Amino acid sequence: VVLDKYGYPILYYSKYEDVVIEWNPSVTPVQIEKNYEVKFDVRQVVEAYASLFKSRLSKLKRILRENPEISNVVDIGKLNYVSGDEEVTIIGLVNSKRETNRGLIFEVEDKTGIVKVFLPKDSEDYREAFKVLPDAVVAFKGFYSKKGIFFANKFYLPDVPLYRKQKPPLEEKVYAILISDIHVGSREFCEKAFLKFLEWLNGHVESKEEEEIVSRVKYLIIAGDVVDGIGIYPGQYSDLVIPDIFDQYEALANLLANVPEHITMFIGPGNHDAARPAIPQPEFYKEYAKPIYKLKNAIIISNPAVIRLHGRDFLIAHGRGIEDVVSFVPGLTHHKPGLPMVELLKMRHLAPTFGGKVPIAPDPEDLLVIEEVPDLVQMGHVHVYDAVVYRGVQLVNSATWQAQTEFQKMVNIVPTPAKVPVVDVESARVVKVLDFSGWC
């Protein structure tokens, strides 16, 4: 039985009040000038979705037009004022996508019209056109039939540039720790493993290599589902140790209070959190999430957000779009979220698909478009660790601190709890993975 305070689900044990972890005096932290900036946050800004699709198309059409190979772009509404002798390019939203034994049928829409696009079974760009999600913005080079079909010979994705200038080296080596899906309130939360991680952060390490990493750790990024929430799915009460949203954030803040002062924490919301029930999520609902807003070394970031650390862009998102990829693309699955993450980077959109349990807000501007090329992309949500480099960009899933729940077992989700990516800010790369799973 769920309860509501002003409409929001609030309720239906210890809150880590006693938890005190002090810094190891034996370890001295390397004095590095903290260079950080929130480069992008959601808060820095008839048909309900008309303005959203206009924004999405405009933004991604700009990214496509930056490809030197894309030329002779013509409006879809002008396609039969064009003779069948002229090779043209069209840019538009993938409204529908259907496979025949003879190829792929797309319904592509721009601001001037809609057109049926045919791509033959094995045009060298087929593998990519077969993977593209609907409501993504793409380009097609080909000829118009005058029967009503665009006979494409080339398919283009917004992509990431193959060539980008290398960044100048930093004065000192600095590390960033990536975590997500803590799920405080859940009986499956790896409480001991997380306490051992807080000890590790406070210089309580047993090797010289770990000691030189901990001394240089200045940033901690938390990519959503920081609490397990209330009324997220039917039967959730059977899994909750802390069945109160206020007490969940209070328990979380008591743990996160034990994070060293020399570490700057960047905390973003997820789908279990007390935040907007659609994406993008500006921040957390301050009425419920207040204890984390009061942490001295914490910065509440939006979902999504772009954090510039020492000149390196870290795009932080919860990971709702990974689900869109695994449902729509056969062959791509969890146990490896790295490849689905690459597809989102290539589409330059975090969650293009509409209709899923993925609620996309009918906002005036599309803030889910990856407008600028990041150095690192961090996502959570799927509860499985992975890391893959695509054209100099590091794609990484920060896993979870939650062991397999009753519900996860039923929907066949197998997590990899307590696997922590260690990022070298200079190269914006995962250099090590801390494994605290022995404590699960």
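In this text, residue numbers run from 1 along the sequence as written.
Novice: Please count the deposited residues lying between residue 23 and residue 24 that the model leaves without coordinates, and give the class: none, 1 to 3, 4 to 9, or 10 or more.
Specialist: Gap between residue 23 and residue 24: none, chain continuous.
Novice: Are any deposited residues left out of the model between residue 414 and residue 415, and how many (none, 1 to 3, 4 to 9, 10 or more)?
Specialist: None; the chain is continuous from residue 414 to residue 415.
Novice: Please work out which of 377 to 385 and 30 to 38 has the higher mean CA B-factor as recorded in the PDB entry.
Specialist: Higher mean C-alpha B-factor in the PDB entry: 30 to 38.
Novice: Going by the average Cα B-factor in the PDB entry, point out whether 117 to 125 or 240 to 248 comes out higher.
Specialist: Averaged over C-alpha atoms, the B-factors run higher in 117 to 125.
Novice: Sort 159, 191, 110, 313 by C-alpha B-factor from the entry and give me just the highest.
Specialist: Most elevated C-alpha B-factor of the set, per the entry: 110.
Novice: Among 254, 202, 100, 271, where is the Cα temperature factor highest, going by the PDB entry?
Specialist: Result of the comparison over 254, 202, 100, 271: 100.
Novice: Considering only modelled residues of the same chain, in which third does the CA B-factor of residue 165 rank: lowest, middle or highest?
Specialist: Highest third.
Novice: Split the chain's modelled residues into thirds by Cα B-factor; is residue 181 in the lowest, middle or highest one?
Specialist: Lowest third, going by the recorded CA B-factors of the chain.
Novice: By the recorded C-alpha temperature factor, relative to the other modelled residues in its chain, which third is residue 217 in?
Specialist: CA B-factor rank for residue 217: middle third.
Novice: With respect to C-alpha B-factor, does residue 96 fall in the lowest, middle or highest third of the chain as deposited?
Specialist: Highest third - that is where residue 96 ends up once the chain's C-alpha B-factors are sorted.
Novice: Splitting the chain's C-alpha B-factors into thirds, which one does residue 318 fall into?
Specialist: Residue 318: CA B-factor falls in the lowest third of its chain.
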